[PDB]
Every structure is written in C-alpha cells, then in structure tokens.
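Colleague: Sharing a structure with you now.
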Protein chains: 2
Amino acid sequence: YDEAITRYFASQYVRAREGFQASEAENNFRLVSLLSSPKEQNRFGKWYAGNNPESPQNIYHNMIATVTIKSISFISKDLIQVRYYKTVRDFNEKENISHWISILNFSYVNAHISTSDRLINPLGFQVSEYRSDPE
Amino acid sequence: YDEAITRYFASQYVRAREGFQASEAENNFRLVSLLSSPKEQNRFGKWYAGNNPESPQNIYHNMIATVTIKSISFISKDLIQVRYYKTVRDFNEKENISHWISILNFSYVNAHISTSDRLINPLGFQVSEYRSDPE
C-alpha cells in the first residue's frame, strides 16, 4: 500500500497507545488491539491492565495525555520509527512535555475482519512488535 | 480507491461531525474541516459556530454524544448513505437514543496537503455536500 496510509495508521496506533483520556480509553484500547498481532495484543493488555502502575490508566489517572507526532520514518520494509512528544495536563494548570521514540514492526494481513471492525482496521494493519523509549 | 477505505473515512466524518465531546471538539472540528470541500467547510463552520443554538457545542453542552454506525451504502459513484444512531448521556444517568441518516457527496482530490495534515486526510477525501435527517 501507499506510504501515506501506512503513516496514517502508524500515527494513529502511537497516539492511541501512548495517549490517554478516560473518555476515550475503551476506544483507544480497542483501536490498538485491533491493529496489533495476537501476540502483541497480549503484551499490550498486560501493560495496560489496571493493576500495572505503569499503565496509562494509572500514570495518567485524572490527567489528559496527548501525543503530538514529530516524524515518521521507515528504517526498513517492515520497520517504522515514530518520534513524538507527550503533553500532559493535570486537574490544575501545569504542563509537562516529554520526548519519545517508538519502533513498530508491521505488516498488512488479508484476514477476516467483520464489516464493523473494518471501520477501525480497514486494511488489516498489524503491529507485531513495539517499543517506546524516551529521547 | 478501495470501498473499505472510503467507508472508513465516511464513518469517521459522520462520527466527528455528529458526535460531540468537549475534550475532542477541536480535533473533530479540524477532522471534519480537513475532509470537507472549501464550500462545505464554510457551511459546517456556520453550523458549528458557538452562536448557533443548533451547534453540537450547545445542544450537547455538558453532555457526550456518541455516534454508532449502523450501515454505509453507495447510492452512486460519488454518493454515500450513512445510517447511524446517536446515544446521548447527561451529567446524571439518562440515555436518549435517536436514529439518523446522512448523505455525503464525496470524491478524492490530488491536491497539496502538508505532511502533518496528511496524518488526518492522507488521501484527499473531500465531502462536497452533506445532510443529516432523522429516520
């Protein structure tokens, strides 16, 4: 497929995985899950679990964390680098900005997707490996 | 382009235009604007304006309005029908569900889109005419 559409989905994936807002948690969780390989769905879920203090649910509890994409680059046929910053805002007036870099192992799979799951993952974008580190 | 990607964007457009949540207003407004022809951007803006009591800002002030897509159908090469329901929830515990049908006149345009506007409208999806009516 096009590079623009792959960038489109890599951006989305990183925003949904690394951002957080209570109102959008169920949608973001489901978006990330649908764009993840079964093995990756599982790591993501253990990480997002409410009992993990490093879950976005917890570290951004009562906060809003927005991801701004800086750049997206292909290191390889199936390897994307996404540089971004998180802007985090509390119940008060206080912004902390921090910079991060994510690596996605990805591909597209012709599989079965229900008519409605295709309104989220129309092309079978699948992230098989993922990592986020600060800069 | 694919039907799945066109459905993908028609769904998105209708969710962003007909839904409402304060936290996501700026993003939704910008998404709808970017996927609209200049003439349609303008009608949408006069409609969304804070002084219009029929703006989503006002009719769903302090509420959350979520769009669930029922179906998407092509009536023609450039004419989509999107049937959906709005579920509206107040500060209390009270849900009103209502059913609606939207008509989109659409196309794709090879134009200039900045690298970052392409993380929202990667393919130049443009809605030239639009209307939403109850069922």
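By convention here, the chains of the structure tokens are called A, B, ... in the order presented, each chain's residues are numbered starting at 1, and ligands are numbered starting at 1 in the order presented.
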May I have all residues of segment 2-122 of chain B that DSSP, computed from the backbone, assigns to strand (DSSP E), given as a PyMOL selection string?
Modeller: chain B and resi 64-76+79-89+95-108
Colleague: Taking 5 positions as the minimum chain separation for residues in the same chain, which residues sit within 10 Å of residue 110 of chain B when counting only C-alpha atoms? Answer as a list in words.
Modeller: residues 123, 124 and 125 of chain B
Colleague: Restricting the calculation to only C-alpha atoms: of A:130, A:74, A:48, A:20, which residue gets closest to chain B?
Modeller: A:20
Colleague: All in-order C-alpha pairs, least squares, chain B moved onto chain A. Output the fitted coordinates as an mmCIF file with N, CA and C atoms, in the first residue's frame, please.
Modeller:
data_model
loop_
_atom_site.group_PDB
_atom_site.id
_atom_site.type_symbol
_atom_site.label_atom_id
_atom_site.label_comp_id
_atom_site.auth_asym_id
_atom_site.auth_seq_id
_atom_site.Cartn_x
_atom_site.Cartn_y
_atom_site.Cartn_z
ATOM 1 N N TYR B 1 0.833 -1.246 0.000
ATOM 2 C CA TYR B 1 0.000 0.000 0.000
ATOM 3 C C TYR B 1 0.858 1.283 0.000
ATOM 4 N N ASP B 2 0.184 2.403 -0.224
ATOM 5 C CA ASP B 2 0.747 3.744 -0.094
ATOM 6 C C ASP B 2 1.550 3.950 1.208
ATOM 7 N N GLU B 3 2.582 4.789 1.144
ATOM 8 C CA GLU B 3 3.247 5.269 2.360
ATOM 9 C C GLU B 3 2.355 6.186 3.210
ATOM 10 N N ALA B 4 1.511 6.991 2.569
ATOM 11 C CA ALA B 4 0.682 7.939 3.321
ATOM 12 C C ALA B 4 -0.308 7.203 4.240
ATOM 13 N N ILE B 5 -0.839 6.078 3.776
ATOM 14 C CA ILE B 5 -1.818 5.350 4.554
ATOM 15 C C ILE B 5 -1.136 4.579 5.693
ATOM 16 N N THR B 6 0.068 4.096 5.440
ATOM 17 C CA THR B 6 0.833 3.421 6.471
ATOM 18 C C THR B 6 1.272 4.406 7.557
ATOM 19 N N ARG B 7 1.625 5.617 7.147
ATOM 20 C CA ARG B 7 1.992 6.644 8.116
ATOM 21 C C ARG B 7 0.751 6.969 8.921
ATOM 22 N N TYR B 8 -0.381 7.040 8.221
ATOM 23 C CA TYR B 8 -1.649 7.401 8.820
ATOM 24 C C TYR B 8 -1.940 6.467 10.002
ATOM 25 N N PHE B 9 -1.810 5.168 9.756
ATOM 26 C CA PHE B 9 -2.099 4.167 10.757
ATOM 27 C C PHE B 9 -1.022 4.034 11.822
ATOM 28 N N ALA B 10 0.240 4.212 11.468
ATOM 29 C CA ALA B 10 1.291 4.209 12.484
ATOM 30 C C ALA B 10 1.126 5.354 13.469
ATOM 31 N N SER B 11 0.770 6.516 12.942
ATOM 32 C CA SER B 11 0.454 7.695 13.760
ATOM 33 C C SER B 11 -0.695 7.388 14.700
ATOM 34 N N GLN B 12 -1.791 6.910 14.136
ATOM 35 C CA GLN B 12 -2.946 6.552 14.945
ATOM 36 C C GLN B 12 -2.656 5.585 16.083
ATOM 37 N N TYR B 13 -1.869 4.556 15.775
ATOM 38 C CA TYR B 13 -1.519 3.490 16.702
ATOM 39 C C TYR B 13 -0.761 4.082 17.877
ATOM 40 N N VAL B 14 0.245 4.892 17.579
ATOM 41 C CA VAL B 14 1.052 5.508 18.614
ATOM 42 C C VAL B 14 0.240 6.503 19.418
ATOM 43 N N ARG B 15 -0.677 7.219 18.786
ATOM 44 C CA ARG B 15 -1.484 8.188 19.569
ATOM 45 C C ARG B 15 -2.399 7.480 20.538
ATOM 46 N N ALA B 16 -2.952 6.353 20.089
ATOM 47 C CA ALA B 16 -3.935 5.612 20.866
ATOM 48 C C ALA B 16 -3.259 4.807 21.977
ATOM 49 N N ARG B 17 -2.052 4.342 21.726
ATOM 50 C CA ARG B 17 -1.331 3.552 22.704
ATOM 51 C C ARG B 17 -0.659 4.427 23.755
ATOM 52 N N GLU B 18 -0.168 5.578 23.361
ATOM 53 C CA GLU B 18 0.679 6.355 24.264
ATOM 54 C C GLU B 18 -0.055 7.551 24.849
ATOM 55 N N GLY B 19 -1.183 7.924 24.255
ATOM 56 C CA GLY B 19 -2.049 8.964 24.834
ATOM 57 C C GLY B 19 -2.950 8.370 25.908
ATOM 58 N N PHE B 20 -3.682 9.224 26.590
ATOM 59 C CA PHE B 20 -4.688 8.756 27.497
ATOM 60 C C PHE B 20 -5.688 9.842 27.836
ATOM 61 N N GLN B 21 -6.960 9.466 27.787
ATOM 62 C CA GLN B 21 -8.050 10.246 28.298
ATOM 63 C C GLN B 21 -9.172 9.282 28.681
ATOM 64 N N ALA B 22 -9.704 9.420 29.884
ATOM 65 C CA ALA B 22 -10.670 8.448 30.402
ATOM 66 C C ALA B 22 -11.793 8.236 29.397
ATOM 67 N N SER B 23 -12.349 9.335 28.912
ATOM 68 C CA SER B 23 -13.461 9.241 27.974
ATOM 69 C C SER B 23 -13.159 8.336 26.760
ATOM 70 N N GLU B 24 -11.929 8.352 26.276
ATOM 71 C CA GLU B 24 -11.550 7.604 25.069
ATOM 72 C C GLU B 24 -10.766 6.276 25.294
ATOM 73 N N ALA B 25 -10.546 5.913 26.546
ATOM 74 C CA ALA B 25 -9.846 4.688 26.885
ATOM 75 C C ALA B 25 -10.372 3.407 26.185
ATOM 76 N N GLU B 26 -11.681 3.168 26.222
ATOM 77 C CA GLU B 26 -12.250 1.946 25.641
ATOM 78 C C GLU B 26 -11.993 1.938 24.123
ATOM 79 N N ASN B 27 -12.209 3.080 23.472
ATOM 80 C CA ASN B 27 -11.946 3.176 22.022
ATOM 81 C C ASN B 27 -10.503 3.047 21.648
ATOM 82 N N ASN B 28 -9.633 3.698 22.414
ATOM 83 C CA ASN B 28 -8.211 3.598 22.146
ATOM 84 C C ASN B 28 -7.701 2.207 22.405
ATOM 85 N N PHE B 29 -8.152 1.587 23.485
ATOM 86 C CA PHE B 29 -7.705 0.243 23.802
ATOM 87 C C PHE B 29 -8.063 -0.718 22.666
ATOM 88 N N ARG B 30 -9.272 -0.563 22.159
ATOM 89 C CA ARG B 30 -9.804 -1.415 21.110
ATOM 90 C C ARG B 30 -9.105 -1.130 19.769
ATOM 91 N N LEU B 31 -8.776 0.134 19.530
ATOM 92 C CA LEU B 31 -8.082 0.504 18.300
ATOM 93 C C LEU B 31 -6.717 -0.144 18.307
ATOM 94 N N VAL B 32 -5.975 0.023 19.392
ATOM 95 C CA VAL B 32 -4.630 -0.550 19.485
ATOM 96 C C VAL B 32 -4.705 -2.053 19.370
ATOM 97 N N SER B 33 -5.699 -2.658 20.012
ATOM 98 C CA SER B 33 -5.833 -4.115 19.982
ATOM 99 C C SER B 33 -6.074 -4.601 18.583
ATOM 100 N N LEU B 34 -7.065 -4.013 17.917
ATOM 101 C CA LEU B 34 -7.340 -4.362 16.519
ATOM 102 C C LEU B 34 -6.143 -4.165 15.602
ATOM 103 N N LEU B 35 -5.274 -3.179 15.838
ATOM 104 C CA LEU B 35 -4.112 -3.013 14.931
ATOM 105 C C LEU B 35 -2.862 -3.779 15.409
ATOM 106 N N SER B 36 -3.056 -4.703 16.352
ATOM 107 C CA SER B 36 -1.957 -5.493 16.911
ATOM 108 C C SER B 36 -2.106 -6.994 16.585
ATOM 109 N N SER B 37 -0.970 -7.661 16.356
ATOM 110 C CA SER B 37 -0.966 -9.118 16.194
ATOM 111 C C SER B 37 -1.403 -9.751 17.514
ATOM 112 N N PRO B 38 -2.020 -10.941 17.445
ATOM 113 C CA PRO B 38 -2.432 -11.609 18.694
ATOM 114 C C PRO B 38 -1.357 -11.558 19.805
ATOM 115 N N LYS B 39 -0.097 -11.843 19.470
ATOM 116 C CA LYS B 39 0.956 -11.901 20.486
ATOM 117 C C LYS B 39 1.166 -10.504 21.045
ATOM 118 N N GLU B 40 1.131 -9.492 20.169
ATOM 119 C CA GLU B 40 1.265 -8.095 20.613
ATOM 120 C C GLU B 40 0.029 -7.592 21.370
ATOM 121 N N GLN B 41 -1.193 -7.944 20.943
ATOM 122 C CA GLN B 41 -2.414 -7.645 21.748
ATOM 123 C C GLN B 41 -2.199 -8.026 23.210
ATOM 124 N N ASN B 42 -1.633 -9.205 23.414
ATOM 125 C CA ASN B 42 -1.389 -9.735 24.757
ATOM 126 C C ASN B 42 -0.396 -8.952 25.633
ATOM 127 N N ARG B 43 0.732 -8.533 25.058
ATOM 128 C CA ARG B 43 1.709 -7.709 25.784
ATOM 129 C C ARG B 43 1.117 -6.348 26.112
ATOM 130 N N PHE B 44 0.434 -5.777 25.125
ATOM 131 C CA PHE B 44 -0.237 -4.505 25.300
ATOM 132 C C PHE B 44 -1.259 -4.570 26.437
ATOM 133 N N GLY B 45 -2.031 -5.651 26.495
ATOM 134 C CA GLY B 45 -3.046 -5.812 27.542
ATOM 135 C C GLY B 45 -2.481 -5.976 28.936
ATOM 136 N N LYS B 46 -1.390 -6.737 29.062
ATOM 137 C CA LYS B 46 -0.721 -6.938 30.376
ATOM 138 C C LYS B 46 -0.166 -5.579 30.816
ATOM 139 N N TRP B 47 0.294 -4.787 29.854
ATOM 140 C CA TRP B 47 0.826 -3.459 30.137
ATOM 141 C C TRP B 47 -0.268 -2.446 30.489
ATOM 142 N N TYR B 48 -1.398 -2.516 29.793
ATOM 143 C CA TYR B 48 -2.494 -1.571 30.027
ATOM 144 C C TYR B 48 -3.343 -1.945 31.248
ATOM 145 N N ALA B 49 -3.229 -3.187 31.708
ATOM 146 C CA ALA B 49 -4.013 -3.657 32.859
ATOM 147 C C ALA B 49 -3.990 -2.676 34.029
ATOM 148 N N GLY B 50 -5.181 -2.458 34.594
ATOM 149 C CA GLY B 50 -5.380 -1.600 35.771
ATOM 150 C C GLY B 50 -4.466 -1.877 36.963
ATOM 151 N N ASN B 51 -3.998 -3.117 37.130
ATOM 152 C CA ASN B 51 -3.073 -3.446 38.225
ATOM 153 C C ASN B 51 -1.629 -3.078 37.965
ATOM 154 N N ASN B 52 -1.311 -2.709 36.723
ATOM 155 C CA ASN B 52 0.046 -2.301 36.398
ATOM 156 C C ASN B 52 0.186 -0.799 36.651
ATOM 157 N N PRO B 53 1.081 -0.412 37.585
ATOM 158 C CA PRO B 53 1.228 1.003 37.887
ATOM 159 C C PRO B 53 1.783 1.765 36.732
ATOM 160 N N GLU B 54 2.360 1.065 35.763
ATOM 161 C CA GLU B 54 2.892 1.721 34.568
ATOM 162 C C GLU B 54 1.859 1.793 33.424
ATOM 163 N N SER B 55 0.642 1.292 33.652
ATOM 164 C CA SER B 55 -0.454 1.529 32.708
ATOM 165 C C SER B 55 -0.774 3.016 32.566
ATOM 166 N N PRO B 56 -1.154 3.436 31.359
ATOM 167 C CA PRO B 56 -1.584 4.798 31.129
ATOM 168 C C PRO B 56 -2.767 5.201 31.986
ATOM 169 N N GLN B 57 -3.618 4.235 32.287
ATOM 170 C CA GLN B 57 -4.769 4.412 33.185
ATOM 171 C C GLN B 57 -4.394 4.993 34.527
ATOM 172 N N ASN B 58 -3.229 4.564 34.994
ATOM 173 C CA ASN B 58 -2.773 4.865 36.320
ATOM 174 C C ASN B 58 -1.827 6.067 36.286
ATOM 175 N N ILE B 59 -0.821 6.016 35.417
ATOM 176 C CA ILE B 59 0.131 7.097 35.386
ATOM 177 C C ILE B 59 -0.519 8.389 34.901
ATOM 178 N N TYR B 60 -1.633 8.292 34.179
ATOM 179 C CA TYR B 60 -2.344 9.486 33.712
ATOM 180 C C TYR B 60 -3.747 9.490 34.285
ATOM 181 N N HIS B 61 -3.936 8.837 35.425
ATOM 182 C CA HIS B 61 -5.223 8.889 36.073
ATOM 183 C C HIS B 61 -5.575 10.337 36.352
ATOM 184 N N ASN B 62 -6.797 10.744 35.979
ATOM 185 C CA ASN B 62 -7.275 12.131 36.186
ATOM 186 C C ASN B 62 -6.434 13.168 35.481
ATOM 187 N N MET B 63 -5.778 12.747 34.416
ATOM 188 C CA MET B 63 -4.988 13.631 33.609
ATOM 189 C C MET B 63 -5.356 13.378 32.150
ATOM 190 N N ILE B 64 -4.849 14.227 31.270
ATOM 191 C CA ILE B 64 -5.005 14.027 29.835
ATOM 192 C C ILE B 64 -3.616 14.044 29.255
ATOM 193 N N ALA B 65 -3.294 13.000 28.480
ATOM 194 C CA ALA B 65 -2.000 12.892 27.828
ATOM 195 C C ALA B 65 -2.204 12.864 26.307
ATOM 196 N N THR B 66 -1.708 13.898 25.631
ATOM 197 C CA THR B 66 -1.873 13.985 24.191
ATOM 198 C C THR B 66 -0.546 13.771 23.521
ATOM 199 N N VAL B 67 -0.587 13.015 22.450
ATOM 200 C CA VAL B 67 0.577 12.717 21.649
ATOM 201 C C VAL B 67 0.613 13.653 20.443
ATOM 202 N N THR B 68 1.719 14.353 20.250
ATOM 203 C CA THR B 68 1.952 15.074 19.015
ATOM 204 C C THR B 68 3.038 14.369 18.218
ATOM 205 N N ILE B 69 2.714 13.932 17.009
ATOM 206 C CA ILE B 69 3.715 13.312 16.153
ATOM 207 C C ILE B 69 4.705 14.344 15.602
ATOM 208 N N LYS B 70 5.991 14.058 15.790
ATOM 209 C CA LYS B 70 7.083 14.850 15.208
ATOM 210 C C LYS B 70 7.441 14.338 13.819
ATOM 211 N N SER B 71 7.713 13.042 13.712
ATOM 212 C CA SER B 71 8.143 12.455 12.433
ATOM 213 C C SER B 71 7.833 10.979 12.372
ATOM 214 N N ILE B 72 7.714 10.480 11.153
ATOM 215 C CA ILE B 72 7.544 9.058 10.928
ATOM 216 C C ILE B 72 8.499 8.670 9.811
ATOM 217 N N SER B 73 9.279 7.604 10.011
ATOM 218 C CA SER B 73 10.355 7.213 9.082
ATOM 219 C C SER B 73 10.446 5.708 8.927
ATOM 220 N N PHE B 74 10.686 5.223 7.716
ATOM 221 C CA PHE B 74 10.888 3.784 7.522
ATOM 222 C C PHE B 74 12.364 3.388 7.642
ATOM 223 N N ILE B 75 12.691 2.582 8.641
ATOM 224 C CA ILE B 75 14.047 2.091 8.781
ATOM 225 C C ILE B 75 14.232 0.841 7.910
ATOM 226 N N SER B 76 13.152 0.365 7.304
ATOM 227 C CA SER B 76 13.157 -0.920 6.624
ATOM 228 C C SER B 76 11.763 -1.169 6.030
ATOM 229 N N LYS B 77 11.606 -2.261 5.277
ATOM 230 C CA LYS B 77 10.330 -2.574 4.601
ATOM 231 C C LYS B 77 9.196 -2.696 5.624
ATOM 232 N N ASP B 78 9.525 -3.223 6.800
ATOM 233 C CA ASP B 78 8.526 -3.541 7.809
ATOM 234 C C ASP B 78 8.864 -2.933 9.191
ATOM 235 N N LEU B 79 9.577 -1.806 9.200
ATOM 236 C CA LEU B 79 10.082 -1.234 10.445
ATOM 237 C C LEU B 79 9.998 0.301 10.477
ATOM 238 N N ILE B 80 9.103 0.819 11.313
ATOM 239 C CA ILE B 80 8.804 2.236 11.346
ATOM 240 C C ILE B 80 9.287 2.857 12.623
ATOM 241 N N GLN B 81 9.761 4.082 12.521
ATOM 242 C CA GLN B 81 10.217 4.808 13.674
ATOM 243 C C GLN B 81 9.294 5.983 13.806
ATOM 244 N N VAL B 82 8.709 6.140 14.987
ATOM 245 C CA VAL B 82 7.803 7.250 15.219
ATOM 246 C C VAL B 82 8.308 8.089 16.368
ATOM 247 N N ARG B 83 8.757 9.298 16.056
ATOM 248 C CA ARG B 83 9.210 10.252 17.068
ATOM 249 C C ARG B 83 8.063 11.192 17.430
ATOM 250 N N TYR B 84 7.861 11.400 18.716
ATOM 251 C CA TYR B 84 6.696 12.158 19.170
ATOM 252 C C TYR B 84 6.947 12.792 20.529
ATOM 253 N N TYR B 85 6.061 13.702 20.928
ATOM 254 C CA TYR B 85 6.087 14.198 22.300
ATOM 255 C C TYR B 85 4.729 14.044 22.976
ATOM 256 N N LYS B 86 4.748 13.722 24.277
ATOM 257 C CA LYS B 86 3.536 13.704 25.115
ATOM 258 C C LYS B 86 3.449 15.027 25.843
ATOM 259 N N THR B 87 2.311 15.689 25.726
ATOM 260 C CA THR B 87 1.971 16.853 26.536
ATOM 261 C C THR B 87 0.952 16.373 27.591
ATOM 262 N N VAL B 88 1.281 16.525 28.878
ATOM 263 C CA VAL B 88 0.428 16.047 29.974
ATOM 264 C C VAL B 88 -0.067 17.202 30.832
ATOM 265 N N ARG B 89 -1.389 17.248 31.011
ATOM 266 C CA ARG B 89 -2.085 18.315 31.740
ATOM 267 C C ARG B 89 -2.890 17.709 32.917
ATOM 268 N N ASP B 90 -2.744 18.298 34.108
ATOM 269 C CA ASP B 90 -3.424 17.821 35.342
ATOM 270 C C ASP B 90 -4.819 18.462 35.516
ATOM 271 N N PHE B 91 -5.479 18.187 36.646
ATOM 272 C CA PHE B 91 -6.699 18.927 37.064
ATOM 273 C C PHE B 91 -6.427 20.435 37.299
ATOM 274 N N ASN B 92 -5.197 20.779 37.714
ATOM 275 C CA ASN B 92 -4.729 22.173 37.853
ATOM 276 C C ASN B 92 -4.297 22.808 36.509
ATOM 277 N N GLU B 93 -3.385 23.779 36.562
ATOM 278 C CA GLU B 93 -2.752 24.334 35.356
ATOM 279 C C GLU B 93 -1.246 24.033 35.409
ATOM 280 N N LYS B 94 -0.820 23.004 34.676
ATOM 281 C CA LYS B 94 0.564 22.520 34.744
ATOM 282 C C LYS B 94 0.814 21.534 33.602
ATOM 283 N N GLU B 95 1.720 21.895 32.688
ATOM 284 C CA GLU B 95 2.054 21.056 31.523
ATOM 285 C C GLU B 95 3.458 20.503 31.635
ATOM 286 N N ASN B 96 3.593 19.192 31.497
ATOM 287 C CA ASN B 96 4.902 18.586 31.315
ATOM 288 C C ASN B 96 4.983 17.982 29.914
ATOM 289 N N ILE B 97 5.989 18.418 29.162
ATOM 290 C CA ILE B 97 6.253 17.885 27.832
ATOM 291 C C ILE B 97 7.449 16.944 27.886
ATOM 292 N N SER B 98 7.347 15.782 27.236
ATOM 293 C CA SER B 98 8.483 14.838 27.174
ATOM 294 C C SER B 98 8.546 14.145 25.834
ATOM 295 N N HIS B 99 9.759 13.777 25.424
ATOM 296 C CA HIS B 99 10.021 13.326 24.050
ATOM 297 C C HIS B 99 10.396 11.862 24.024
ATOM 298 N N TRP B 100 9.929 11.203 22.974
ATOM 299 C CA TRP B 100 9.892 9.764 22.937
ATOM 300 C C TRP B 100 10.057 9.304 21.529
ATOM 301 N N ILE B 101 10.447 8.046 21.386
ATOM 302 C CA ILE B 101 10.636 7.431 20.087
ATOM 303 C C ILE B 101 10.135 5.984 20.143
ATOM 304 N N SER B 102 9.244 5.641 19.217
ATOM 305 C CA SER B 102 8.633 4.315 19.145
ATOM 306 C C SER B 102 9.081 3.549 17.896
ATOM 307 N N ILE B 103 9.252 2.234 18.029
ATOM 308 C CA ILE B 103 9.619 1.376 16.900
ATOM 309 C C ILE B 103 8.496 0.350 16.675
ATOM 310 N N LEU B 104 7.956 0.305 15.452
ATOM 311 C CA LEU B 104 6.887 -0.628 15.082
ATOM 312 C C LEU B 104 7.342 -1.646 14.049
ATOM 313 N N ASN B 105 7.187 -2.922 14.366
ATOM 314 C CA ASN B 105 7.308 -3.968 13.372
ATOM 315 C C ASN B 105 5.905 -4.184 12.821
ATOM 316 N N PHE B 106 5.714 -4.009 11.517
ATOM 317 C CA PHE B 106 4.363 -4.001 10.978
ATOM 318 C C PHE B 106 4.225 -4.744 9.667
ATOM 319 N N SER B 107 2.977 -5.038 9.328
ATOM 320 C CA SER B 107 2.617 -5.560 8.017
ATOM 321 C C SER B 107 1.116 -5.425 7.838
ATOM 322 N N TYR B 108 0.644 -5.817 6.663
ATOM 323 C CA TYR B 108 -0.774 -5.875 6.372
ATOM 324 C C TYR B 108 -1.157 -7.329 6.109
ATOM 325 N N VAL B 109 -2.256 -7.787 6.711
ATOM 326 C CA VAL B 109 -2.716 -9.156 6.547
ATOM 327 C C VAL B 109 -4.129 -9.194 5.961
ATOM 328 N N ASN B 110 -4.301 -9.975 4.886
ATOM 329 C CA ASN B 110 -5.621 -10.279 4.311
ATOM 330 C C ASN B 110 -6.180 -11.375 5.192
ATOM 331 N N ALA B 111 -7.021 -10.991 6.147
ATOM 332 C CA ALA B 111 -7.665 -11.919 7.081
ATOM 333 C C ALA B 111 -9.173 -11.640 7.076
ATOM 334 N N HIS B 112 -9.927 -12.291 7.963
ATOM 335 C CA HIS B 112 -11.318 -11.911 8.160
ATOM 336 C C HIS B 112 -11.376 -10.790 9.176
ATOM 337 N N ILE B 113 -12.070 -9.730 8.784
ATOM 338 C CA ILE B 113 -12.421 -8.657 9.694
ATOM 339 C C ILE B 113 -13.913 -8.403 9.446
ATOM 340 N N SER B 114 -14.704 -8.470 10.523
ATOM 341 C CA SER B 114 -16.113 -8.109 10.448
ATOM 342 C C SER B 114 -16.288 -6.745 9.749
ATOM 343 N N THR B 115 -17.464 -6.532 9.159
ATOM 344 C CA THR B 115 -17.802 -5.265 8.482
ATOM 345 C C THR B 115 -17.549 -4.031 9.376
ATOM 346 N N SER B 116 -17.830 -4.169 10.671
ATOM 347 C CA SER B 116 -17.673 -3.064 11.604
ATOM 348 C C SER B 116 -16.262 -2.938 12.189
ATOM 349 N N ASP B 117 -15.552 -4.044 12.418
ATOM 350 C CA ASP B 117 -14.125 -3.918 12.788
ATOM 351 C C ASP B 117 -13.315 -3.279 11.644
ATOM 352 N N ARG B 118 -13.828 -3.357 10.419
ATOM 353 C CA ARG B 118 -13.182 -2.716 9.292
ATOM 354 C C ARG B 118 -13.385 -1.210 9.276
ATOM 355 N N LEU B 119 -14.262 -0.679 10.124
ATOM 356 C CA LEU B 119 -14.350 0.783 10.286
ATOM 357 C C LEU B 119 -13.256 1.305 11.231
ATOM 358 N N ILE B 120 -12.442 0.390 11.719
ATOM 359 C CA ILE B 120 -11.308 0.725 12.549
ATOM 360 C C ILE B 120 -10.024 0.244 11.928
ATOM 361 N N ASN B 121 -10.010 -0.999 11.419
ATOM 362 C CA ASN B 121 -8.816 -1.541 10.764
ATOM 363 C C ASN B 121 -9.188 -2.010 9.364
ATOM 364 N N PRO B 122 -9.423 -1.044 8.463
ATOM 365 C CA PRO B 122 -9.927 -1.382 7.144
ATOM 366 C C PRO B 122 -8.988 -2.268 6.314
ATOM 367 N N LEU B 123 -7.677 -2.217 6.565
ATOM 368 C CA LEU B 123 -6.699 -2.826 5.669
ATOM 369 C C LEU B 123 -5.889 -3.942 6.309
ATOM 370 N N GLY B 124 -6.251 -4.341 7.516
ATOM 371 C CA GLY B 124 -5.500 -5.357 8.222
ATOM 372 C C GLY B 124 -4.090 -4.928 8.581
ATOM 373 N N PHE B 125 -3.928 -3.679 9.018
ATOM 374 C CA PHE B 125 -2.656 -3.194 9.557
ATOM 375 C C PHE B 125 -2.437 -3.953 10.843
ATOM 376 N N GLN B 126 -1.242 -4.542 10.980
ATOM 377 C CA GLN B 126 -0.857 -5.335 12.151
ATOM 378 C C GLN B 126 0.530 -4.938 12.631
ATOM 379 N N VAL B 127 0.602 -4.484 13.880
ATOM 380 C CA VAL B 127 1.862 -4.273 14.578
ATOM 381 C C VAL B 127 2.271 -5.558 15.349
ATOM 382 N N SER B 128 3.378 -6.191 14.936
ATOM 383 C CA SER B 128 3.813 -7.456 15.538
ATOM 384 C C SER B 128 4.772 -7.254 16.706
ATOM 385 N N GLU B 129 5.551 -6.168 16.688
ATOM 386 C CA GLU B 129 6.460 -5.800 17.786
ATOM 387 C C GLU B 129 6.395 -4.299 17.994
ATOM 388 N N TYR B 130 6.621 -3.855 19.226
ATOM 389 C CA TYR B 130 6.511 -2.443 19.565
ATOM 390 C C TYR B 130 7.333 -2.049 20.781
ATOM 391 N N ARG B 131 7.970 -0.884 20.727
ATOM 392 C CA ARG B 131 8.630 -0.367 21.909
ATOM 393 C C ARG B 131 8.704 1.156 21.909
ATOM 394 N N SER B 132 8.572 1.753 23.081
ATOM 395 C CA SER B 132 8.648 3.196 23.246
ATOM 396 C C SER B 132 9.709 3.516 24.298
ATOM 397 N N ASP B 133 10.602 4.455 23.976
ATOM 398 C CA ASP B 133 11.723 4.847 24.849
ATOM 399 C C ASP B 133 11.850 6.382 24.858
ATOM 400 N N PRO B 134 12.348 6.991 25.954
ATOM 401 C CA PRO B 134 12.480 8.450 25.897
ATOM 402 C C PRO B 134 13.704 8.838 25.079
ATOM 403 N N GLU B 135 13.890 10.125 24.796
ATOM 404 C CA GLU B 135 14.950 10.545 23.871
ATOM 405 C C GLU B 135 16.181 11.142 24.560
#
Colleague: Just list as an NGL selection string whatever in segment 11-59 of chain A DSSP marks as helix (DSSP H, G or I).
Modeller: :A and (11-18 or 22-34 or 38-48 or 56-59)
